[PDB]
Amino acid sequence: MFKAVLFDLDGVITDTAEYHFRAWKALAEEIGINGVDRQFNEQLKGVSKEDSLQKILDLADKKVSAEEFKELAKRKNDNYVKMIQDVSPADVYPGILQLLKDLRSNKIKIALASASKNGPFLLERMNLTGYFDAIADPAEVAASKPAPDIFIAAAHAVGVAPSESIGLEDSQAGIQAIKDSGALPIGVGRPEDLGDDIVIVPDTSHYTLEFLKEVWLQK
């Protein structure tokens, strides 16, 4: 049986992937880049703030100064941080609170493997911090998603091997990171976005301890 679950935050715990998308699209349009639509945004999910901005600039083969790059990233963050102030426990996705409770009752470790530096603040907004045994700090990894480092760190932070862990993700980059960590991925979203080669559930209500067991027994 698995000994840890490694949670992505945005698009897994709550609908903040939507807010990252809206904030990045707004930023892109301010600088005359109009290609950040929902399809393109699948390439941005799970990706760090700086890598996200660079992918957007690349889309237009646009170059900005180092000073402008810093300011643009800060502008997007300031906007996103204002968007999330009213997040509350009511915004926790279906099934997630119960899963956290059931994992703890079964002595299964819980770790956060979010790329977001705003992750701790969001867990506090949602009254979830006390469920987490560890938060892997994305500022401390040498390499960001789709590199596996954040998932490896999360597992190690709770004293469990990645190979004894499940990772929950909504993103292409994050699914790849889980795969390369050695943990077992279960995605949430559309196979057209996340692939047909791992277990994918259509919504977070499917993330029951019963189902994670159903999946683990068959890997």
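Residue numbers run from 1 along the displayed sequence.
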Practice prompt. Would you determine, from the values in the PDB entry, which of 38 to 46 and 172 to 180 has the greater average C-alpha temperature factor?
Written response: 172 to 180
Worksheet entry | Between the two ranges 59 to 67 and 162 to 170, the one averaging a larger CA B factor in the entry | 59 to 67
Response to the item:
One of 84, 110, 72, 139 has the largest Cα B-factor in the entry, namely 139
Practice prompt. Ordered by C-alpha B-factor within the chain, which third holds residue 144? Give me lowest, middle or highest, please.
Written response: highest
Practice prompt. Going by the recorded CA B-factors, say which third of the chain residue 197 sits in, lowest, middle or highest.
Written response: highest
Fill in: B-factor third for the C-alpha atom of residue 212 within its chain
middle
Discussion item. For the chain shown, is the CA B-factor of residue 5 in the lowest, middle or highest third of its modelled residues?
Written reply: lowest
